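> Pasting an experimental structure, sequence included:
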Amino acid sequence: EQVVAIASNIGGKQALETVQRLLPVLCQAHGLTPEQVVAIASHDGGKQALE
């Protein structure tokens, strides 16, 4: 279990809840925050019509 999974369990949007949770993490560790690029694209340009 992880915060990125618990929040998404409540919200119902794993790809969206994980990006908001890993946002400060990847922003502090790197800054670029690829999550808003890769994870978002995985849902928008991928798992959209199937979600």
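Great, that's in hand. Residues are numbered from 1 along each chain as shown.

> At which residues are the helices of this structure located?
Ranges of helices in the chain, per DSSP state H, are 3-11, 14-21, 23-29, 35-44.

> tell me the angle the second one makes with helix 35-44.
In this structure, helix 14-21 runs at an angle of 170 degrees to helix 35-44, with axes from the mean of the first three to the mean of the last three C-alpha atoms, to 10 degrees as the basis.

> And helix 14-21, what's buried?
14, 15, 16, 17, 18, 19, 21 (16 or more other C-beta atoms under 10 Å). (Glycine included, C-beta is placed from N, CA and C.)

> what's the burial count for the nearest residue to the second one once chain neighbours are set aside?
Of all residues beyond its chain neighbours, the one nearest residue 15 is residue 43 (3.7 Å), with distances taken as C-beta to C-beta, 6 or more residues apart in numbering. Other residues within reach of residue 43 by the criterion other C-beta atoms under 10 Å amount to 17.
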